[PDB]
Every structure is written in C-alpha cells, then in structure tokens.
4 protein chains.
Amino acid sequence: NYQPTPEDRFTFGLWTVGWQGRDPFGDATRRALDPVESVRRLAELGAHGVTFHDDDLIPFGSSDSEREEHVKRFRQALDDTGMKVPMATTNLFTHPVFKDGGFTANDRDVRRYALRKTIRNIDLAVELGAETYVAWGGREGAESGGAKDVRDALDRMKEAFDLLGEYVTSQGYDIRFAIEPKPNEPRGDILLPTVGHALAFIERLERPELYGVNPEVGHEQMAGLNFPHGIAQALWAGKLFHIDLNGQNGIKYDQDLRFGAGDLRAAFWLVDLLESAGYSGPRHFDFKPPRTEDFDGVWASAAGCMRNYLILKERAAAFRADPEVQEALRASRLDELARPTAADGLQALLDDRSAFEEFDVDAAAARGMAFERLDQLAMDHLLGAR
Amino acid sequence: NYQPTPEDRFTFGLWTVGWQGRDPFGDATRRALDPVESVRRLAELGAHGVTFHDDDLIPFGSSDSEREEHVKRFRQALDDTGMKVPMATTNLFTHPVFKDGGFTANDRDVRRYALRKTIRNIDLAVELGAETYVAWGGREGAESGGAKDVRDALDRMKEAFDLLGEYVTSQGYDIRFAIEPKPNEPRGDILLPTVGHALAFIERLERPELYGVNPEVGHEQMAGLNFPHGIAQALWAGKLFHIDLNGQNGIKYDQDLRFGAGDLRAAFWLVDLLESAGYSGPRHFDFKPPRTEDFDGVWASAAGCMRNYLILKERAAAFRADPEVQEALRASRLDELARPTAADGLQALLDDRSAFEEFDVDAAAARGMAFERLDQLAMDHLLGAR
Amino acid sequence: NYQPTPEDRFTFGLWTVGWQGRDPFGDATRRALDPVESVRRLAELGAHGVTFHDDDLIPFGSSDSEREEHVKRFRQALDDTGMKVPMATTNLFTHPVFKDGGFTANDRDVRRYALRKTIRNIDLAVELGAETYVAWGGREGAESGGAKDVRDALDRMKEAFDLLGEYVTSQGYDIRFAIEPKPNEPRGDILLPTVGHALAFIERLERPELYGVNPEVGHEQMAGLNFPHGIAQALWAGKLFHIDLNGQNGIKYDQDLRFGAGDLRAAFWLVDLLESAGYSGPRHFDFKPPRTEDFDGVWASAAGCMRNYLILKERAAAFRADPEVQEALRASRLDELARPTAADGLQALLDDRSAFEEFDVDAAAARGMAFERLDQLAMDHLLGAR
Amino acid sequence: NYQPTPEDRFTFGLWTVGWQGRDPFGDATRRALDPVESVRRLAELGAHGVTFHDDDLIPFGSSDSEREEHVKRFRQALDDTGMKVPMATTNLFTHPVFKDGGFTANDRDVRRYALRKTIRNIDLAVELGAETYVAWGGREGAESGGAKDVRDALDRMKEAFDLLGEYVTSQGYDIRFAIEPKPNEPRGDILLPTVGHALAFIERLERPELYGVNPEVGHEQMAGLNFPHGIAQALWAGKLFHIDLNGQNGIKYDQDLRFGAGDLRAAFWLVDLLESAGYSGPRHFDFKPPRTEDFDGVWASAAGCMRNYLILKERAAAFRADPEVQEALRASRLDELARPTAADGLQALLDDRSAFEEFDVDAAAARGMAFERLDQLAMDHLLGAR
Ligand SMILES: [Mg+2]
Ligand SMILES: [Mg+2]
Ligand SMILES: [Mg+2]
Ligand SMILES: [Mg+2]
Ligand SMILES: [Mg+2]
Ligand SMILES: [Mg+2]
Ligand SMILES: [Mg+2]
Ligand SMILES: [Mg+2]
C-alpha cells in the first residue's frame, strides 16, 4: 500500500527533517538532529538518499581536523544504511557576511570568498559521489532599486558560474550544476527569479552544457506560475537536472509544505509529466515539517511526502491507460497538436489555398475542444471515482 | 513644462486610445474611433507614431479591394501628419477560430491559418516601414492540465517562429520579431509567461538573432516580478527590441493603466535604466483609458502617459547627476560590483589566501551597505524634495 | 454513482450555462441560449432550480407588454419541470450608465435609477418565490484614489440598503438580502472587497437582521484568503444566507471555473464545513463553461459541478466517521479547543497559580500537535486511499 | 525642511530599530540594542514616543526583582527625554509554547497562560500611560484544514477578548484595545486576516465600544487590498484607534519596509485621508531596517519614515488646496457623491418618474467622469510638478 523503496529514488535534504522550527517570529521548537540519526531514520522510511549544504554537515568555522571527523562519521552512516548522496550545495545565505549576496555581493572580497567556499564543497561533493551540485542564490538581489545594478550583477553571476565550470573541467569531475530559482524571500526580489530567467541565463555561460535548473514547486507558485508548464519547458530544453518537490498555498511566504499539500491538482499534473517524460533523476523533497510538530510528526510528514508521490503516480498512470481517456484525448485533438504544422514547408504553405483563401473560418470556430469532459475524467481518476 | 515632441519617440497602439470600453461585465461606453482621426489627434499631442494589429486597420473579412482603400486612407493621414509606424502585430486572439490558440491550437488547420494571417500582415508592415513585428500569444495556453501537452506546444511554437524567420530572410526584409510575454488572461495560464521564459525560448530558434522580447510593465507585475530587473536581464542579453509602457496595481487582471500610474517607484527605476542604458527604440504605450472616461478623458490619459515619462526622466537624470548620490553609490560599493571578481583567473584565486584562509569574515560582515540612505536620496529626488 | 437529485438543492444562474464566451480579448464563441431551454436542460441534469438577473430574463429596454410575455414563458417552463427560483439579483453593471457604479455612482440621478431598477426586480423575485435577493456591487469602486471618497460612498451604500430594507418590510415581503463581495474586477478596487468587510458593513445597517453574505469561492481566493475560514466566520455570525460555488487558480482574473477545479483541497474543506454545520441553503454554482467548449461541453461542465460536490461530500463524510480520524482529532486536542478557556470566570483565572506562576511552559511547549498525521489522514480520505 | 517634532506624534516600536536582522534563512547582522539607548536616539531624531511588547522590555523569564529594575531604567530614560508610551502589546508568538496560538491554541492550559501573560502587561501599560493596547494574533491560525475548527476558535477568541474587557472595566482602566489583522505569516492562514474580518468580529464582543483596529499598511497589501479604502471603512465605523505605517512591495512575505517605500501612491492617498479625516492618534512605524544596514543605516531608515510622512503631508495638502483640483473634483461630481440619494424618502423615490420611467439612460451614460484628468493633477502634485 504505497510503500516506498530505495528504487523510487526519494531523497531528502539534511536541512528538511532537521529544521528546528525557527521562523521570523519565533524560536526553535525542536532540538537539533545529528546528521547520522537523520540518515538512519530516513533509510528506515524507505528513502534512497540525502543531500546537504556544506554547513549542515560541517559546522561553520570547523578546523580541518574536526571537518575530517564529521565527514568520516557521515560516511560510516551511509555505508551502514546503503544511502546515497546524489546532490550537494553550498550555504551562501546564513552567515552575516552574505547579507548582500555571495556571487553578486557588492564587496569584491566577499564574492571571492563565496567562490572559494563553493569550490571547497564541490571537492567534498565529488568525493561523496554527488552527480549534481545545486546553487540557490537566496541572497542575490535587492530590497531597493539603486542598491544593485542588475546588468553588472549578471556579469558577476556569469563570471562566478564560468569559473566554477572551469574548475570542474580542469579537475576532470563528472558533476553538473543546477540553478534553483526563487522570486523573492529573503531578499525583496531575487535575481533569476523563475525557471525561465534561469534557463535564459544559462545560454550565456561559456559551457552551457554543464548547467541546468533545479526548479522547486513552491517557488514558481510564489509567482503564481504553473509549475508543470515550467517543468515542461525545462524538459523541452534538456535542462531538468534535478527537482525540489514540496507544497505551497499560493502567493505568500515560502511555506515548504510536504509534497501533495498545497495545490493538489498541480501535483497530479507534475507527477503525470515527470513519469510520462521518463525523468530519471532524484525525487528530492525540500520541505519543512511545521514547527507545531514534535519528532514523531517530523517523520510522519517525511513519510507523507513519499506516500503522496506514489498515490499520484498510480492515479496518473491509471488516467493515461484508460481507453476512455485515450478516446477523449483524440476528441480534444491532442494527437493533432503533436503533428507538424507545416512539414510540407513554407512555399507549400504559401500556395495552399485551404490554409487561407478557402479556409472555412466559421466551421473551424464552431468545433468544441471537449476540454471540460477530459478534465472531469482527470478529476475522477485523481479522486478514485474511476 | 514636460511637453513631448516627436523626437521623444512616443508611440501608441491604435487599439489603446481606440478601446471602446467593453470589459467582461459591460458594454462599450465609447464609440469607435476612425484610425485616421486617432493618427491626427495623437500627432497634435506630440506623439512620434502609431502601431496596429492587422484587424485594427482592416476589418476582419474585408475584400482585397476594401483592404487597399483602408491602407490608402491610413497612408494619407501618415503623410499629412509626419507620423511613423515603427511596429505592427497580428490579431490572433479575437476571432472565435483562435479560441484554443493560433500557433499552438490543437487543430492543425487553425495553426496553418494563423501563419498565413501573420505572413499577410508582415508584408503590409514592411510596406508601412515598421522595423519590429510583435507577437503576443494571448490564446496560447490552457485552463486545464490535460488540454495542452506543453512540450508539443513548444515544438509547434518553435515551428511557427522558425517559418516566419525563413519567410522574412527569403524575402530580404529588414524586420525583427519581438515576443510579448504575459502570464495569464485570457487563458488560465499562457505559454512563455514571463520575460525569462521568452528569452530562453528564443535561444532554441533556428535564427535567434532575428528575435527579441517586447516586455510590458503590467504583465511582469501580474506575476509579482520586478519589471526593471527583467528589463535589465533583457538588455544584458541584447534582446530588448521594443517595450510596452503602462501601469498595473499588483497581481490582478491586466489593468493597462496609463504609464506612471500603478507602481510609481518601479516606473522611476525603469526610466532610469532605459535612459542610462541608451535604449533607443520606441517608447510605446499599451494602455486603456478607463471606461469611465469620455473622449476628452481619452486624450488626457494619453497625454498623461507622455508627461509622466518626461517628469520621471528629469528626476532620474537629476538623481544620477547629484554629487551626493555619486558619493552614496560609492559608499554602497556599486563601483566594486562593476569590477571583475577574479580577473586574475582561477589559479590565482585558488592560491589567494586572503580570499579564504586569512579572510576576516567578521570584519566583512560588520560593514553596513548604506542602502537605506541611498534609497532615501532616490525618494527625495523622485518627490522633488531635492 | 454520484447522481444528483433535486433534493441536493443544486442551483445555477441563467448567466452561467448561458455565458456566450465574450471575454476582454475575444468575441462570443457560442450562440445565446433561450432561458426556457436552459431550465429544461438543467432539470434533466438533476438541478433543483435556477437564478437570474433581471436582464437575463427580460431584455433591457423591454416594454411592460414584452416583459409580461417573457415572465409567462419562464413561469411555464418552471411549472413543466418542477424547477424552483430560490434567488434573484439585479444587473447593475452591464449598461454603460453604471460605469461608475449603481448605488455609489457619483451622479445622484444614476443612484436613484439604480434603486428603482432594483425595487422593480424585488417585486418580480417575490412573485417567483425567491427567498434571497443577492447584491453584487461589481461597479462600486474606483481605479484611482481621488475618484471616490470612500466614507461618502459607504454612506451612499448604507442609504441604498436601508431603503431596500424599508421597502421589503413595508410591503410585507419574506425575502432577505445577501451581499456578494469581490476584491477587484471590473473596477480596480471594489468596495466591500471580502466577506469580512461585508459582514462589518451589515452591522451598521438599520435592520441588520435582513442582511447576510453570499460569498463566492473564487472571489476570496482572488485576495489569497482561505475560503473555508471565511465561511466559518460567516456561519459563526449567523450570516451565511447563500453561497456561490466555483473554482479559481490563485490570484488572477476571476476564472469562475467549474466547482472542484482550482483549489481542490479547499473544496474538500469547504464541503466538510457546509455539511457538518448543516447549511441548508442552495448549493449555487456561479461558473462559466470555458469558451473553448461547444454546447455539449457546457452541459458536461455543469454536470461536473454537481458530481464534484457529491464526491467531496462522500469523502468528507468518510473522513469524519473514521474512528482513526476521531482518535487523531483528540490527539491534536480539537476536543479541547471546543471547551471554554475560563468558564470559572476572571477572578478564578487570576487566582489560579497553575495558569501562570506554576505553569510549566517548557513541558507545554514540548507537546507535539500531531497535525501532520491528521492532515495525511485527510489526504488519504480525499484520494480514496482509505 | 521636513524636520519632525514631537508634536507630529511619530512613534516607533522598540522591536523596529531594535530588530537584529534574523530572518528565516540567516543569523543576526546587528547586536542587540538596549531599550534605553533606543529611547535616547529616537528622541534625538524627533520622535514623540515608543511602544513595546512585554518581552522587548522585560526578558522572558525575569524574576519580579529584575522586572522592577528593567522598568525603572526605562522610566528614567522616558523622564530624561520627554518620550511618551502611547501603546503597548503582548508577545504571544515568539516562545515555543505559543506554536499553535495563544488565545486560540488547542491546549486549554496554554490559552489560560496566554490570558494571564496579557493581563500582567496591561497593568504595566496603564502604569506607563499607554492609551491603546494592541493585540496581533500572529500564531492564531493553521497550516492545514483539520487542525483548527474555526467556529470554535472564534468562540475562544471572543472569550479571551471579553475577559480582557471585563478585566479593564473592573479595574477602572482608561485603555482601549486594538486588533491588528494580518492574512498570513507565520501561520499558513491567520484568523481575522483583514481589517474587514476584524471589524466584523468586534461587533460580536460583549462591550464593542472598547475595541477597534490597528491596521498595518503592509498587511492589507499582502492580500492585494487597497489600504486607504480599508482605513476609510475603519474611520467610517469609528474604529481607527491606532495605525501601523510601513511599506510593502506587493503580495509576498511581510517586508516591513520604511514608510514611503513600497506603494508610494498608496502612501500619498493614505496620508491625504488621515489628515483630511483629522486622525489624531499616533503615527506609529512598524518597520524593520533591512539587515544589510549597520546602526547608521538603522537611524537613517527611521528618519526616512518620518521625512516621507511629512513630504506626503505637504503634497496632499497642496493638492486639496489647489483651486484647479477643487474645480476638477466638482467636474467628477465628488460633491454629488456626498449628497443623499433620496433624502425625500422611499415613497417620493417610488413616485419620481424622473428616476425611472422618464430617466434618460443614454444621456447619463454619455457623461464622462473626468477621473483621468483628476488623477493626473494628483500625480503632478505628488511629484512636485505643481
Ligand atoms: Mg522553498
Ligand atoms: Mg529548494
Ligand atoms: Mg496588458
Ligand atoms: Mg502589450
Ligand atoms: Mg467570480
Ligand atoms: Mg458570484
Ligand atoms: Mg508587517
Ligand atoms: Mg504591525
């Protein structure tokens, strides 16, 4: 009954189940979790693996000696459990030095420091077997218009990613980068605020093939955008390297609810798309168990993430396999959308009088699209009423 | 006192001052304007030129004979007034045949018709001297998730733009295309919903150099995004071919208020950017005089568009020229943002112990950014309190 | 299998299935429906009744003679089908004379006309058996700040509702009024924009017992508000006289999707509340079949409204009846929320040292609320995974 | 030049200039301020007074002995500077015990504790001379639908406010309560989310005359609502007891920018309303100097709050005094909005054939409202172009 196994490739950040519940108006409600005990509990729940920021694993300020001991203990828990580490990332947002950004801070010495801190963790990520390195530029942005010349900031952002790409290629590392967009919070506006802006930026990097996106459900919904549409555009471009799954109720602060909460129908269409496009990367949950919960609620919330994915996967598969839905898709001409508009070419199109001079515009306009019947079949499948 | 002249390059759509005031809940409050009388009145107000959809100028269904007579009359008013036509576009949204889109309609015959209707107007646009051809895909999108496979739709959208690019290059026309994004309305979600998504899509076209964006103030604000930031990214990419100026009060239906209404501080930062980057295209107003107004209010609203641009231009220029602001910009290290992070290169950065091992992270963190003083100087300039 | 009957009290506006599909950017895609044929088709689908604006039933400008003939034909279709008319309302928004409002128009003669037009329809509503008269002040509001002094406008709004209350009481009519809030569209901001503002306003009317609210799902969601919470406050105040059911995807133009579309989990919690509070008024659908659809899609969309209500009713009932959920509700102390904080009174509370001096604040803080387990049981019930 | 004096009644929370800059993603960037040094610095800037939560002034957990010493030191700084304390409030949101609310927590013992903690601070507030006691129920709400039965929660909220009203009346205190609404953050949805919901709730309390609202600019804008309209409704009801002034850029997390930032035109219309209605309470700034700033930026930001209020006051006064604006207001019939619709009474209205049978609906509809000219005069005044 909807039991996950490591083959489902569900992964969790250390910072998710480990969130202590500090919010802008309140103190922590839970004690800190040892990363080793998070790895063990997640493995018992059926997770495939974990992800980390450098500072989740190695306390900021650690000596190289304490650093080695933190990595060894972590490594041992991975060996004991069979858990993988498919992704890692850098914390360039918590320490006060990053208050105006890391890669795009106005102070040049901070930008250099941000790069060195990142490169140090790329080495560790490769040693732990990560295939994707995520960058979330949470402090890159501004609260006021004169504080940041955005063209100069984009030059500095390109410079930083180009240097990271030079570093990995000169070291011979098999790791790719994924940029995680977010429109706002904690800065008033964040640079590269949506999937689209990140995809466009990547095309100006020196080695674009090294870079993709790590979209997050709740972040695109903070701009009121359709998250499955944005994922479709990222798949179309060949750039969906990783994904952050969670829930969000509309345009407000980043809630990071468990996956399936928030916009449930969008979650259904997302799962339908990922499974039908054969996305084979990790199903990563970037979520926060609400601070109302004790540790039992933390693990219940994490389990719910995986459960809801598997229920939606079953419902989406039943939807696509239903002969009545396949009939309705043809009734709505989804088959015709997949056929070229003009494989006969420009000149044939220009000479084709059925395309314009003799086109019966009133008869075409009268044809219903039958989209409402199709959408009710999708609702019936989602609710198990079929 | 803030008087426009044709050298300011202010342009207006025929559909703007000509909007009759039909909204989803109400009938027209104004009679239709003859395009010839709009051209004359706009020239008296100091406009540089006008833009049109095919169907604003030539009533849908016109015979080639009536078509010639409509163009001749229009041509004569342009000659009489000195007005230019820098941009034109196609109406692929009003007629019922476009109810599921033009370029991405599920029905293949509608997509072919949409292309032929577009190509016919490109010829007319070139004959009238337009340099930019805008495409706003207002019906390309969906209200429900199963109605549109977005990857197939993006294939059809790329196919259509590629064919248009083949057409203009084979005819030898000097015209470029600009895609106008909008996140929603009239479809539940529109494809290419923001500047970012449009910029990313262009990079997958066969001849990307022919295509740029035509962002609109209110459209990016319907997603809660920072419009000057989005324009900065479009300028950074070399893709700001045209711009639609208006006002919008937040995330709601597309209001198309006169420019300067809505988010006034964003209008100030937009003008500052366009003038400081030397944008030399038309300052185009895509706005709707509210349906409360009679014809005197229509022309007052149009005049207000231009007036507010010129006032903000003066205030932004005074801001940038003020020695006290230039001092504050250095206090906030805007000069350092413009300098390379690591022109010394990767290996020098890796060897530079001042970048990491000996970097004083507490001293850097203690430095204030002085952004609030800078932003109050900007407020004082905007309000004329300096 | 989820078949409606007239005992479910599902009702529809004539303007819903009769929407021709004109939107701000496009012409009608469907022909006009005769009200008699809407009544017949809705009765076949299992509806209980229909509602109308005056101008849906009697074309604006009709002579008293044509008016009688329109009502007679309508009356005959009601008799033929058994359909009821539980609610009626006035169109004070379509005609250009209402461009600045009806009850709060700046012109006094328009306000008087608006009142006479309303009173004429109240008489007709009573004759057809309506129990509720709805007022949606769609044009009451402003696009700019100086156009409307809101205190004077609220005086005029109170004056109008007070006069309507004097009219019904002096005629001896058994009808109550319900105000339908909406935050914006078609005006930039609409007066009384949410359930809360309408409830507060009612308390200042001369006979508050005659007035309640008619909230609409999509309207409160256009302000990002939680619609079941707002309904709970209206029930708490005793003011939920009627309700408009539909769907909305977030903060954007008013979509009026079929009920169950949009925010599905909010629809589940709404149905749970209405059924558990014993709301006994009509389940009214104020929705628009998308303009992509032909007439077959119109009736499919209407049928889907009722179907989704009945599926959610079944799932909510199963949720509340599940012993495991009843256990979880006690685990989360919902039982304790229903018990008085201090039935012992103020002085006892002040003397109770267990409430403060000896209260163990760390032990209380450590208690988890178990809300995530409860919410996953609700998800499992909604999806039929229980 | 826009210099504040204590007669302008500008006040600040201790928690505003004292915000250390901890946000959900980052550590504090500033050291803690001693309340005594905040009082001194604010008095030098021209403030009238300060406000406090209990826990800003007395560290949570203090013994009665340390409590007396904290109050004495504070009292001495007030005497030294002449600063007043017009408002106080309770912190019912930071400590983990309040994670599910204070007055509406599901656990009954927490609700009792919340009341005792509040009553203790009401005594202190009265002793320091406060006239208004604010309640912001920041934790009253829910992230999921089953966690909170909102009708029971509103019963508990009414019970708590009724008890507080019984307490102040039995002690003979001259203090009134003001409820501060907020739609969300830190809870997913907060109870009483807007001005309207709070006004409606007050009317169900046992002694409604003791309770009003404390609206905050940014909070109503987090729901996309028009803040001057909401203030107008609160003034109309006689309930504007206090106000929180700040800035917000649209629908996102609560930014608490300095007043004048965010929506500048809304700030202008707010000041116009407060000054023209003769609001005589404190002008209170609930704002957070951004965490980019050091202490010099903190005081610059605070000074900017007051400066922008005084500039807008001057511009609004010039607008209303301008004969050309007074003419335009009559052109737009603002004078007619202020006149009764039907002071002649219902029967006269029903007999008045000029109101309906002989009303010329086409001639009334043709009249323009001249709102765009009026709004451009308002823009010219705001920008100092008049
Ligand atoms: Mg997030
Ligand atoms: Mg994430
Ligand atoms: Mg627009
Ligand atoms: Mg436009
Ligand atoms: Mg609606
Ligand atoms: Mg409605
Ligand atoms: Mg706030
Ligand atoms: Mg506040």
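Just so you know, ligand 1 is whichever comes first in the structure, and atom 1 is the first atom listed for that ligand. Values below: all heavy atoms of this structure, side chains included; hydrogens, waters and symmetry mates excluded. Letters A, B, ... mirror the listed sequences (proteins, then strands); counts begin at 1.
Aromatic pair D/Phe103/D/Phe161: ring centres closer than 6.0 Å.
For the Mg ion (ligand 8), protein N, O or S atoms under 2.8 Å: 4 in total.
Salt-bridge check for D/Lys252 with A/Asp189: passed, with a basic side-chain N closer than 4.0 Å to an acidic carboxylate O.
Remark: D/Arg139 is not positioned above the aromatic ring of D/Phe98, lacking an NZ or CZ atom under 6.0 angstrom from the ring centre and at most 45 degrees off the axis.
The aromatic rings of B/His53 and B/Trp15 stand perpendicular to each other, their planes meeting at an angle above 60°, with 30° marking the opposite boundary. Relative ring orientation between B/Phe285 and B/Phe259 is described as tilted, the plane-to-plane angle lying within the 30° to 60° band. Classified by interplanar angle (parallel below 30°, tilted 30° to 60°, perpendicular above 60°), the ring pair B/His284/B/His242 is tilted.
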